[PDB]
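Here we start with a single chain on its own, the form solved without the RNA, put down as structure tokens.
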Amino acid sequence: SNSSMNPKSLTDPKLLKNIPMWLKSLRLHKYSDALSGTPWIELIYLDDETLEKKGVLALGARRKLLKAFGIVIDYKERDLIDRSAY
């Protein structure tokens, strides 16, 4: 529905530690079970291909998650994300 990649949630250890929840703000909780087994630090590092391997078969959904992966990384790179999430 939305999946506009909220830089607020994508960089809040609350969601990050709770990937499913992290996906909630991305409308990809659909793949929560497939992406839950993987933390944010790894999620944000995944790729369209890996996502497929998990369960994200939607070229639209996975390739899209790659957008959420970056916003998290950069902010993670800018120490904008609590080291607690790490």
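From 1 onward, residues are counted along the sequence shown.
Below, we turn to the form solved in complex with the RNA, even though it does not appear here.
**Student:** Report yes if all three of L15, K76 and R83 come within 4.5 Å of the RNA in the deposited complex by some heavy atom, otherwise no.
**Tutor:** Not a single residue of the candidate spot has a heavy atom within 4.5 Å of the RNA in the deposited complex.
**Student:** Please run the contact check for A58 against the RNA in the deposited complex: heavy atoms, 4.5 angstroms, yes or no?
**Tutor:** Yes, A58 is a contact residue.
**Student:** Is there a heavy atom of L26 lying 4.5 Å or less from a heavy atom of the RNA in the deposited complex?
**Tutor:** Because a heavy atom of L26 falls inside 4.5 Å of the RNA in the deposited complex, the answer is yes.
**Student:** Look up in the deposited complex whether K53 has a non-hydrogen atom within 4.5 angstroms of the RNA, and give yes or no.
**Tutor:** Although the RNA is absent here, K53 would stay clear of it in the deposited complex, with no heavy atoms inside 4.5 Å.
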